[PDB]
Every structure is written in structure tokens, then in C-alpha cells.
Amino acid sequence: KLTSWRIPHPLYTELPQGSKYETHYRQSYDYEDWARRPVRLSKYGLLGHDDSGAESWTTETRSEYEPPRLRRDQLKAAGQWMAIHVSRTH
Amino acid sequence: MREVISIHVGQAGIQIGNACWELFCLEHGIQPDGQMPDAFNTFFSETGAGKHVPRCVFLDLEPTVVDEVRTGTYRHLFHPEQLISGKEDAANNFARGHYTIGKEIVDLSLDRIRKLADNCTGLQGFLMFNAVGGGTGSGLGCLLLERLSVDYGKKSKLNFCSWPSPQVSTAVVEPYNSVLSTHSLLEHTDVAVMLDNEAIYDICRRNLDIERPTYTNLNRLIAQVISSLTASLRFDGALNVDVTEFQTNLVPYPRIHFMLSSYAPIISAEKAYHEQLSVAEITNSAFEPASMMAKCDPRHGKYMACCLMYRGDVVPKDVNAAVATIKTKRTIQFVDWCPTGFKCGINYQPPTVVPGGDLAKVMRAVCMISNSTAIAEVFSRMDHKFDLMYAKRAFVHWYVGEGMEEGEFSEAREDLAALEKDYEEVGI
Amino acid sequence: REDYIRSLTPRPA
Amino acid sequence: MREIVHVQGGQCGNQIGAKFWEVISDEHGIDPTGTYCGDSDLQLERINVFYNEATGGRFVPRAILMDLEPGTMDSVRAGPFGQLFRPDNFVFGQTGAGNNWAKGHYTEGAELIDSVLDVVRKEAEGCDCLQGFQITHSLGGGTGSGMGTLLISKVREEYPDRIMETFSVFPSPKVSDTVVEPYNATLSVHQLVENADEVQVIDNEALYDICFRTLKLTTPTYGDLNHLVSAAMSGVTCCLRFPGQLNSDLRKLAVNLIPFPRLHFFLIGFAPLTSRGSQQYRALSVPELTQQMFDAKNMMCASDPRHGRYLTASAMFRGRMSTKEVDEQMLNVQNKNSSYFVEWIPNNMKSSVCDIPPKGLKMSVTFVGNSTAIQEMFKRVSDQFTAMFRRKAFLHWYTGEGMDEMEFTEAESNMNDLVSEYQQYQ
Amino acid sequence: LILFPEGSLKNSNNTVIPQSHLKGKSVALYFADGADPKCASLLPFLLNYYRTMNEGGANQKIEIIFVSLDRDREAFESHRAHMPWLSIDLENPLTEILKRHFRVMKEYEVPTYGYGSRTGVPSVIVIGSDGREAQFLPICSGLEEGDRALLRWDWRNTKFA
Ligand SMILES: Nc1nc2c(ncn2[C@@H]2O[C@H](COP(=O)(O)OP(=O)(O)OP(=O)(O)O)[C@@H](O)[C@H]2O)c(=O)[nH]1
Ligand SMILES: Nc1nc2c(ncn2[C@@H]2O[C@H](COP(=O)(O)OP(=O)(O)O)[C@@H](O)[C@H]2O)c(=O)[nH]1
Ligand SMILES: [Mg+2]
């Protein structure tokens, strides 16, 4: 297998650097590329537990005390709507 | 709500664990990135943004198969501190687990178990997955099971075991640290399902047609059994059995809780499309004397109680006919004090198929979990193996050096001997 | 060695 | 509205001071070139609490920088978000005051203190709506301890009715560069009890321990140690910047927390604290931030609160939330830790909501709290003080510039008073 | 997308057929060497399996397309005349792009195409509509079951839509 070492003569050209992981687990339980996926962390640094910001802040009075016709439309889009009986019964 | 913790102790617990959690993610359509692209619970905890995280703990004293999960395709899906790996292997030594380095893993494992045993409600069962004949599975399994029986008391625990096989064995100390492992399955376990290697070795080279089953194929077949066990919890079905009726209908006496497993239909895609697979012969092939997942001839003993977890397009009128067929069979015997002994259940989803696995999708499956008198001979082979050991005290210096006291060997002898005495006492 | 699973994210190596 | 005057003093104080102006500028959406970015009404309607407008519209800081070195003045000037600071409020002093309370308080620092009170004056009497001051400094050194408490004193007789609020940095015993911390800090506490009413204790022990444990950090640089401080600084004054449901204030904090007026020393917490590994993996809700705010390590001071008893606490929350869940979380955490609260103060928990979450998060909380475990560090650095004072350790650097030995015993007697008052209220 | 262009698919008698002709069938590529003892041993079994199962029915259920890795065009057609079902012409770059896609290399990734895994010659591979890994037949693989993995074909579930 010395013929495969002719092209990586420094090998630091990144072509063969870290191109294999050759275990039975990867033989048995893999599909297309969901092992080398980068971990999405935060766009604002170490504090930010997820992605959020000024485009999502809406204080309580503004967010719920908006006019009734706008709230009417918004919730119409989300599904707003001894005993005694009628004169039929005996 | 419903949830079961899925403590995976030992290297066999990890390898079985990444196959059962493979199948649970497949049947609920949950990707390794956690996103669905209310049945996710009993196995997954929703984390706000559609991030479903499994409900288990990967537990192994050595950092070689847990780290393999932390670098494989499920390095994301599993929570990082949910996976716990120590520094050294227990060297197939029960004293090295239960009386040595295992303590500094017990504290972290019981901590994370306590985290996810209070994040939701119900807490139906504590599924355990361990290898009895090995090291970290037997030792850290005995510590952590004994601690949960005190702390998280009055909650059922199901110990799926990989018990040593009679002629097949991969370690020469398995006779020692399995008799030294019965004393946790006898006093800290409500249900102990005995799966071994030989009876599932054979079940693949004549039914699955595979002349090279590897351990992954073994881990897929146990994954179908644990799936059909916990299917009646999550998914809506017909007449149903969950973990609490599972104990009140298979455990007649408090210390008789060592029972078998059988799964059908395990037939490949070149093969399963030729037969009926009807409800009569998929339970009759479940009671087939070679089809159990444990090396246990059922005919030198009488059956005691069985549950038949049918799963799929079964109708309750079809099960009563198949029950009648098995009862009229004169090969399967029954004890005289158990007139009715079949507590069946039916779910509505077909069993899920693994793309690339050597199985074809059928619309119904029979997983029987049967308590039998014939399970006594399974433990009796290694009663004879321990007797050849303890005559001249082989392998004792590795045990007594760590933490052993020389008398628990005889205590474990009397624990298995009194266990065998009760199986021949129940069936008279 | 120690927190290898973390230690690429703030500084890759 | 309510003007808040920020002054940062010392090599330590200017480094947290610059990091605090990274954080609140991110909260209010301001570029490092000074102009405003975005369409975010809820971060601009209360811009005057920390900012001033200035001719071309640049939101100029109300920030005052003092340090008797040409040291971190030009590093924060050349650094990011450093072109905000006025090139008038930079008062340098080019001789050095290395590790001496004398060269900050009595000699040297007394000639440049006559110009920094000028900068405090012309900034504050422009609008006579001052709610409080915000002083950042370390007591374990020179300029930060000496000139820092020197401005602390002279600001209080000119405005003897308004808050001054010190985010102090105490000795931090184990990790301690240089050797004169017990002399410098003990001879500086006795002003932080008299002309102070709001003191925030911050150690580098528990700041490192938060890094090593709740973040698991391997190479914690001095930048992100200050990022934890600046997050807690921005959370304790969130209501002066954003509208809320139960509106808090610095004076609402002061009236409600401190007993008898010399007990104003507070632990600080800011606890949505996770790593980036387990950053997607957390149900971020009110019942579990309460579990994280109330367990030892998360407190930024190295005094363990389970060895003492919270006399009065505060749970100043920030985010989208529902209020009976914070109310029942305060009541049950008082119920299980009944021995950790005081029997003659019912309901030892302040609550508030700043509505607008911090940047990046969705909910957070700043736990400022009076503890009678706080004398654990006071007896610790007084023990180091008396161990040096018995043998007359290095003192000629102090008394050579002119101070009496009688002044030092007055410092130790006044600080040993604070040990006794906490004990008899425990 | 179009997996095989309008002139890339050639059967016996050298008549071109398009991808439209390919629907309703179990489509498998056959990566093969002319001089390989492995391929030479496998090929009569593939011939017999193809003939018997395809004669046993009312439909052409399976169909295989041959991808050569021979040294030259003479060896290519000498293998071709032996070989009854479909194939691609050798110097079409579709063969080489299929080599890239399905990762069936022959140790010589390091000269030009330096990725990792090999999965060498021979390879029967049932494929999908847009080039899915439909299922791999274990000839020389982790199961490496020789001349008997053709039974593991799932031809009613792998179909060209
Ligand atoms: N079913 C199944 N059994 C396994 C597997 N791997 C090992 N075993 C069995 O487990 C027994 C030995 O224990 P191991 O699983 O190898 O490891 P362990 O129990 O954690 O003990 P240690 O090796 O000390 O870590 C052997 O008898 C094996 O037959 C597996 O992947 N599947
Ligand atoms: N948390 C924190 N501590 C610091 C910082 N800079 C210095 N220190 C601490 O303060 C001590 C040095 O005091 P220093 O600020 O240089 O004294 P000063 O320059 O006279 O104000 C050292 O022991 C450090 O541990 C910083 O940016 N953050
Ligand atoms: Mg193992």
C-alpha cells in the first residue's frame, strides 16, 4: 500500500486528513451525513441560550391590550367560538 | 403522563441501548437532530423548540463505547451529561463494580436519574439493560438497582438481562459473577426477563437466513421485544397491558419473577411474503420450543403465566381462537392452580421496519413474555459451573483483593439453591 | 481527555 | 427619566466597566460607532437612563473613567466599543499608584480626585433627575481601592440623598496576585459601610468556580469572567431601562432589602447558566431557574450561603412569564429551606418582572441577596489582616506616605463590628 | 432530476433507451471488472437469477445496468458480448460520476478523488428514483455473503418511480 502514499508526500494538504472513521458502529448505524454536523450555539455569545432578540420583544400591555377588532381577526384566524327544559318535553 | 427511564448499564447495555433508541426514534419519526420534520413521551422529553431528548442514562465504567456514542451519529440526540463514562473498566470483576471504583459513577448516575425522574410525572417503570456475566454490567448494575429500591421505592423495575449461555461464553469468569449477580435480581427486581445469546444466535441462522449475525443484529431483535413491550403504553390500541398489570398478571409469588421472551414474525423480505403469518401460527411459532430467546426447553416443565403482546391489525375475536388453539395443544403444559393463564393485549400500529435491517414489515407481531418452571434449569447449568469453580477457589484473589469478604460466594450459592427449590415447589 | 466534546466549539483545533 | 451615572475605577474596574458597556449596548442596539441600529422601540424609549444624546445624535455614554496609570485606558479605547467613551472623561494621571491605599486615597490620588469630582459634577447637574451612581472597582489593589473609595466618600456629602451602588471586587483569597490584599481591602471596608448603601460583593473564586463548573471552562480569559459580571449588572438595573409588570427600581431594591443601615452587602446571581454543549437541551422555565439560583456555586461571591441564613432576598426576573409561577416558586423555596430564612422577617423574597428578556435569552433572573453567611469572607480577610499586622508586615510603603497605625486598628475594629452584627442577627 | 441522460443507456443490439422505459422495474447497477475473479465467479449466478426470476412472471420485474471498470474498450466489449442486460458506454463520464456517487472505488481514490470508503468490485446495488441507496446487497461487505445475496433482493419494494 505504498502506492497510496505517493500523493500525500507531506500529507498536510488536508486531502487525507481525517477522512475515515472505520468502526462497527459506523458500519451498522449510519446514514448520509448526520454525524459531521456543526453544533449551532448562539449568535450573541455565551449568555444567549438560543436565538432571540429585539425582533421578538413585545411587552405585556402592548401584546394583549391591543384593539378588539385586531384581536378579533387574530383569534378568528385561530378558532374564537331543579332542572328545566324546552316546552316540547313533558 | 407516562415515562419510563431506560438505564443502560454495561457495554451490552450501551450497544442494546443505541439499537432500541434507534428504533424508538424511527417509530415516532424523530430525527437524530431531535426535530419532528403526543406519543413522543414515555421515551422523549420535549425541550421547547421541538428538541426531543431521550429519557435514559448511558452508564459504563470505561470510556470506550459511551465516547463512541459521543462521536457517532447520535452525539447530538443524546444529552451530553446524560451520557456518563468513567475511567477504567471493571475487568469482569463484580468486586470491581460493587466494592471498588463504581462508587464515583453511582453518585453522578443517581443524580441524573433524579433529574429526569422529576422532570415529568407517572414514572411507570425503570427499564434496566445489563449483561449479567460481565463486569460493569453486573457490579454497577447491582449497586444502582439496590439504591433505587430504597430511594425510588414502590415503582416497578424491569431488568432486561443478557444472561450467560451454556456453551457460548466470551469470558471465563462468567460462572462467578453471575451467581454473584443473582442476589440483585432476586431481592431488588419485580420483573427479570432472561435473554441469552445461544437462543438468539440460532434464531437468526434459520429464520433470518443470516449465516453471519453480528451483535448489531442481536441488538435489533431485542429492540423489537422492548418496543412491543412498551408499545401498549404510548400508542392507542385495543385491550391493553402496561407495566403495572404486567406485574399483577405474570408474578404469582413474590420471588418467582424470572421469565422468558419470544418474538415472531422475524422473517426476511425474500421469505415472509409467501406465508399467511395469521394469528394462529404466529403465536404457535411463538410457543415453538426453539423460538424462545433463552436456551430453555419448555417441555421439561409446566407453564405458569403468559402475556401475549400482539401488535398491529389484530382483532380481539382472532386472539380468542388462537388462545383456544394453544390450550388444546398437548405439548404446552400448565400448572393446576392456574386455570386461565393468558393475559393478552392488542395495539393498532404495525411493527416498524429498519431500512437496511434484515427484516420485512409485517402488520402484526407476537411477543410473548412467559413465566415457566423450565427456567430453573437455565440457572442450574451455572450452579454446576460455580461448583467446579469453588472446589479449588479459582479466580478468588482478584475478587478478595478489591473488596470481597469470601462469604458472599456461599451466600450466592444458597441464594440460587433456594431459588431452584421454589421452582420445583411451585409446580406440584 | 476531559471535556473533548465541548472543547472544539469556543476554540476549534 | 432617571439618570444613572457610571464611574469605573482601577485596572479591574475599567475592564468590567468596558464589558458592561458591551452588554447594555447590545441590549439597546447601539453600534460601536455610536449610531442606533434597528427598529426596536422597547430598547429606545428609555435611552436616557444610561446614555445621553449629543449634537450629531451619537448616544454618548454617561461613563466616567479613572485609573492612575496610562494602562487599561488606551486598551479599552483602542478596543471594540471603546470609541463610545468621551475623550474628556478619561482622566489618566501618569505616575502609577501600585498596590497602595495611600497612593489612591491620601497622597497622589487626592490631586486627581479634584478633577474627577468635576466630571461627576458637570455630567450630573445637567439634568437633576439622578436616581443613583454605579461604581465598579476592586478593593484588592491600589487605584481601585484607594481612589475608588475616595470618590465614594466625596460624592456622598455632595448628594447625601441618592443611591451609590458599588459592584465591588473583593480579595478572592486563593487566586491572589500580589501580596497586599489584606492591608488594602480591610482598610477599605470601613468606608463601604459608612458612606455606602448598596454594595455588591464579587469574588474571583466563585467567578472562576462558576466558569469551571456551570460552564465547565478550560481557559477562562479575563474577558468572559467580566461577561458574567456585566450580565448581572445589566440585570439588576433592567427595570430602569425597560417597562414591566411589577416594576422594580434601585431604590425599590434598597428600601426592601437592607435592614438596619450598615447591612448592605449582597451576593449576586444570574442563572440561566449552562454550557454550549447542553445549550439546546434545557426546559427554560420559572421552576428550574429557581433551583439554579438557590444552590451555592451560582452565587458570584465565594461565601457559601448554606452556612448562613438569607435575611432578605430579591428575585428580579427578566422575561416573558406568568406571575403566579414566580409567586409559588418563592413560597415553596422558602418552605423547603425554612432553616435558611429568618423567623422574624416573613416572606424573605422580593419579586419583579422587567418583561423584556435579555438579549439572546428568553428568561433570566438576577438574585441579589443579603446573607448572614457574608461574614465568612470578612473574618477570612481580617484573619489575613491580623496575621500580617502582628509581625508588622510591609507597612513602611503605607505609613511612609503618611497614615497612622491607629487608623489601621480603627479599620479592624469597624470591620470586626460588621462580623458581630451579622452574627447577632443570625 | 434526470439521472441518466438521453444517450447514456444502451442495451443489447446497441439501441438507446431513456429513463422513461425504466419505470415499474427494480433497477440495479452492477459495478464490475472484466478480469476480476470475484466478478467472473459471481456473473453466472447473476445470469441464472436474472433469467429464472424474470422468466417466472408476467412482468419484467428486475432490471440491471452494467457499469464497467475495465482497462480498455476491447476488454469492455469482450465483457459486453458476454453480458445480456443494460450497460453504460465506458468513456461516458456517467460511469465516473456514478463511481463518485455510490462510492464503489478500487483503491485509487488517493490519485484524484481522495475521500474515504471503498466498497470494491463487484457490487450489485439496487437504486432509487433520484439515486437513493435503495439497499446494498452483501457480496463483499460486512456480511460478504457470496453468490447468495441476490436472494436478499426486495424487488417489489424497490421500484423506479
Ligand atoms: N446481546 C448482546 N450481548 C453482548 C453484547 N456485547 C457483549 N455481550 C455479552 O456481554 C457479556 C460480557 O459483558 P460485556 O457486554 O462484554 O461488558 P460488561 O457487561 O459491561 O462488562 P465489562 O466488559 O467489564 O465492561 C458477554 O457474555 C457477551 O456475550 C452485545 O452487543 N449484545
Ligand atoms: N474579575 C476581575 N478581576 C480582576 C480584573 N483585573 C484585575 N483583577 C484582579 O485585581 C487584582 C489586581 O488589582 P488591580 O485592579 O490591578 O489594582 P488597581 O490597578 O490599582 O486598581 C488581581 O489580583 C486580579 O485578580 C478583571 O478584569 N476582572
Ligand atoms: Mg461489554
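Every residue, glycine among them, receives a Cβ derived from its backbone with ideal geometry; neighbour counts consider all protein chains shown. What follows draws every value from the coordinates through simple rules; no lab data is involved.
With the requirement that a residue be under 14 Å from E:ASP89 (Cβ atoms) and surrounded by 18 or more Cβ atoms within 10 Å (Cβ to Cβ), what does the stretch E:3-22 give you? Passing the criteria: E:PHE4, E:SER8, E:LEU9, E:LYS10.
Per-residue answers, yes or no, for (1) within 14 Å of chain D (Cβ to nearest Cβ); (2) more than 16 Å from B:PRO63 (Cα to Cα); (3) within 16 Å of ligand 3 (Cβ to nearest atom):
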{"residue": "B:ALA95", "(1), (2), (3)": "no, yes, no"}
{"residue": "B:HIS98", "(1), (2), (3)": "no, yes, no"}
{"residue": "B:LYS115", "(1), (2), (3)": "yes, yes, no"}
{"residue": "B:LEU127", "(1), (2), (3)": "no, yes, no"}
{"residue": "B:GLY137", "(1), (2), (3)": "no, no, yes"}
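Checking E:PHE45, E:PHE31, E:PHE66, E:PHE76 one by one, the residue that is more than 19 Å from E:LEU137 (Cβ to Cβ) and either within 13 Å of the chain's Cα centre (by Cα) or not in a loop (DSSP other than H, G, I, E, B) (or both) is E:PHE76 and no other. Considering only the stretch E:86-117, state which residues are on the phi > 0 side of the Ramachandran plot and more than 14 Å from the chain's Cα centre (by Cα). Scanning the stretch E:86-117 gives a single hit, E:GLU107.
Taken together, the residues in the stretch D:27-59 that are away from chain A (no Cβ under 11 Å), surrounded by 16 or more Cβ atoms within 10 Å (Cβ to Cβ) and polar (S, T, N, Q) amount to 2. The sole residue among B:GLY86, B:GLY48 that is within 14 Å of chain A (Cβ to nearest Cβ) and more than 22 Å from the chain's Cα centre (by Cα) is B:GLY48.
When restricted to residues that are surrounded by 23 or more Cβ atoms within 10 Å (Cβ to Cβ) and assigned to a helix (DSSP H, G or I), the stretch D:251-272 contains 1. Against the conditions (1) closer than 30 Å to D:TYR281 by Cβ; (2) surrounded by 10 or more Cβ atoms within 10 Å (Cβ to Cβ); (3) of a type in the set (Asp, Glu), A:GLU32 satisfies every one except (2). Cβ-Cβ distances below 8 Å connect the following pairs, each with a first residue in the stretch B:1-26 that is within 21 Å of B:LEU145 (Cβ to Cβ), a second residue that is part of a helix (DSSP H, G or I) and among the hydroxyl-bearing types (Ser, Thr, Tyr), and a separation of six or more residues or different chains: B:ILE7/B:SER109; B:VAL9/B:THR136; B:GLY10/B:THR136; B:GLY10/B:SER138; B:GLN11/B:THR136; B:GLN15/B:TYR215; B:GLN15/B:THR216; B:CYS20/B:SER227.
Okay, residues lined up against (1) small (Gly, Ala, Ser); (2) part of a strand (DSSP E or B):
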residue	(1), (2)
B:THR340	no, no
B:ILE346	no, yes
B:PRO350	no, no
B:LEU359	no, no
B:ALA365	yes, yes
B:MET368	no, yes
B:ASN371	no, yes
B:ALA376	yes, no
B:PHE379	no, no
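Looking across the stretch D:62-119 at every residue that is within 15 Å of ligand 2 (Cβ to nearest atom) and in contact with a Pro (Cβ under 6 Å, 6 or more places away or on another chain), the one that is farthest from D:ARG156 (Cα to Cα) is identified as D:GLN94. Residue pairs whose Cβ atoms lie under 8 Å apart, separated by 6 or more positions or on different chains, with the first residue in the stretch D:171-191 and within 14 Å of another protein chain (Cβ to nearest Cβ) and basic (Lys, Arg) and the second in a loop (DSSP other than H, G, I, E, B) and within 16 Å of ligand 1 (Cβ to nearest atom), do not occur.
Could you say whether any residue in the stretch D:109-117 is surrounded by 13 or more Cβ atoms within 10 Å (Cβ to Cβ), part of a loop (DSSP other than H, G, I, E, B) and away from every other protein chain (no Cβ under 14 Å)? Scanning the stretch D:109-117, I find no residue that is surrounded by 13 or more Cβ atoms within 10 Å (Cβ to Cβ), part of a loop (DSSP other than H, G, I, E, B) and away from every other protein chain (no Cβ under 14 Å), so the answer is no. Could you look through the stretch B:132-155, keep only residues that are outside any helix (DSSP H, G or I) and buried (at least 21 other Cβ atoms within 10 Å of the Cβ), and pick out the one that is nearest to ligand 2 (Cβ to nearest atom)? Of everything passing the filter in the stretch B:132-155, B:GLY135 is nearest to ligand 2 (Cβ to nearest atom). For the stretch D:145-168, the criterion of being within 8 Å of ligand 2 (Cβ to nearest atom), within 22 Å of D:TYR398 (Cβ to Cβ) and surrounded by fewer than 24 Cβ atoms within 10 Å (Cβ to Cβ) is met by no residue.
Taking first residues from the stretch D:271-282 that are within 7 Å of chain A (Cβ to nearest Cβ) and partners that are among the hydrophobic types (A, V, I, L, M, F, W, C) and assigned to a loop (DSSP other than H, G, I, E, B), the Cβ contacts under 7 Å between residues at least 6 apart in sequence or on separate chains come to D:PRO272/D:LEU284; D:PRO272/D:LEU361; D:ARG276/A:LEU41; D:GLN279/A:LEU41.
Taken over the stretch B:139-178, the criterion of being within 16 Å of ligand 3 (Cβ to nearest atom), over 18 Å from B:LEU108 (Cα atoms), in contact with a helix residue (DSSP H, G or I) (Cβ under 7 Å, 6 or more places away or on another chain) and small (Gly, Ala, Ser) is satisfied by B:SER162, B:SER165, B:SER178.
Taking the criterion of being crowded, with 17+ Cβ neighbours inside 10 Å and among the polar types (S, T, N, Q), the residues of the stretch E:93-142 that qualify are E:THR95, E:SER123, E:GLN135. Within the bounds of the stretch D:310-323, is there any residue that is within 14 Å of chain A (Cβ to nearest Cβ), surrounded by fewer than 19 Cβ atoms within 10 Å (Cβ to Cβ) and in contact with a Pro (Cβ under 8 Å, 6 or more places away or on another chain)? Checked the stretch D:310-323: at least one residue is within 14 Å of chain A (Cβ to nearest Cβ), surrounded by fewer than 19 Cβ atoms within 10 Å (Cβ to Cβ) and in contact with a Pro (Cβ under 8 Å, 6 or more places away or on another chain). Residues that are closer than 30 Å to A:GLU60 by Cα number at least 3 in the following helices (runs of 4 or more DSSP H) confined to the stretch D:322-426: D:323-336.
Within the stretch B:21-38, being more than 14 Å from every other protein chain (Cβ to nearest Cβ), part of a loop (DSSP other than H, G, I, E, B) and surrounded by 14 or more Cβ atoms within 10 Å (Cβ to Cβ) holds for one residue alone: B:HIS28. Looking at the stretch E:118-161 only, could you name the residues that are among the basic types (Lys, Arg) and either at positive phi or assigned to a loop (DSSP other than H, G, I, E, B) (or both)? Within the stretch E:118-161, E:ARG118, E:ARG132, E:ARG148, E:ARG156, E:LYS159 meet the criteria. Taken over the stretch B:252-286, residues that are surrounded by 19 or more Cβ atoms within 10 Å (Cβ to Cβ) and either under 16 Å from the mean Cα position of the chain (by Cα) or among the aromatic types (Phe, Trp, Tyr) (or both) amount to 7.
Of the residues screened, B:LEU158 is not one that is more than 17 Å from B:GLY102 (Cα to Cα) and surrounded by fewer than 20 Cβ atoms within 10 Å (Cβ to Cβ). Selection of the stretch B:185-243 for residues being assigned to a loop (DSSP other than H, G, I, E, B), under 15 Å from the mean Cα position of the chain (by Cα) and within 16 Å of ligand 3 (Cβ to nearest atom) yields only B:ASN197. Only one entry of A:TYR44, A:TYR12 meets the criterion of being away from chain D (no Cβ under 14 Å) and not hydrophobic (A, V, I, L, M, F, W, C), and that entry is A:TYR12. When each of D:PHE81, D:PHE92, D:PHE167, D:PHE133 is tested for being more than 16 Å from ligand 1 (Cβ to nearest atom) and within 14 Å of chain A (Cβ to nearest Cβ), the lone residue that passes is D:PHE81. For the stretch D:224-235, the condition of being within 16 Å of the chain's Cα centre (by Cα) and more than 14 Å from chain A (Cβ to nearest Cβ) holds for none of the residues.
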